[PDB]
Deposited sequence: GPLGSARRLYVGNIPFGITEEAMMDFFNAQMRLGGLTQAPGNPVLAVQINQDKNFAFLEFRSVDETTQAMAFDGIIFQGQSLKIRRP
């Protein structure tokens, strides 16, 4: 379970879970981070503190997404860390 989640900080205020999921799924797939068909991100939980947890379908894709630390999303540099 913790091996399938990442902390994502400095998210744009007001973003939706769908927007964050769609961005990560599209960009991870385009960037070659996945090795199996389909979408790597299952869910996004945005805190009540400017951060979210992304939940992935696999431990593999959780690890690959660490390559996106610092990715720019809606003009913000996302901080990606293990929980």
Expected output for missing-CA ranges on the deposited sequence is 1 to 3, 52
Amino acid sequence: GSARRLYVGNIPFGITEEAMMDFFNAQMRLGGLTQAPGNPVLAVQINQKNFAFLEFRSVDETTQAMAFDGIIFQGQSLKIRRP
From here on, numbers count along this sequence of modelled residues.
Read off the CA B-factors in the entry, average them over 49 to 57 and over 22 to 30, and name the higher stretch. 49 to 57
Mind checking which third residue 71 falls in for C-alpha B-factor across the chain? lowest
Consider only the C-alpha atoms of the modelled residues in this chain, order them by B-factor as the entry records it, and name the third containing residue 3: lowest, middle or highest. highest
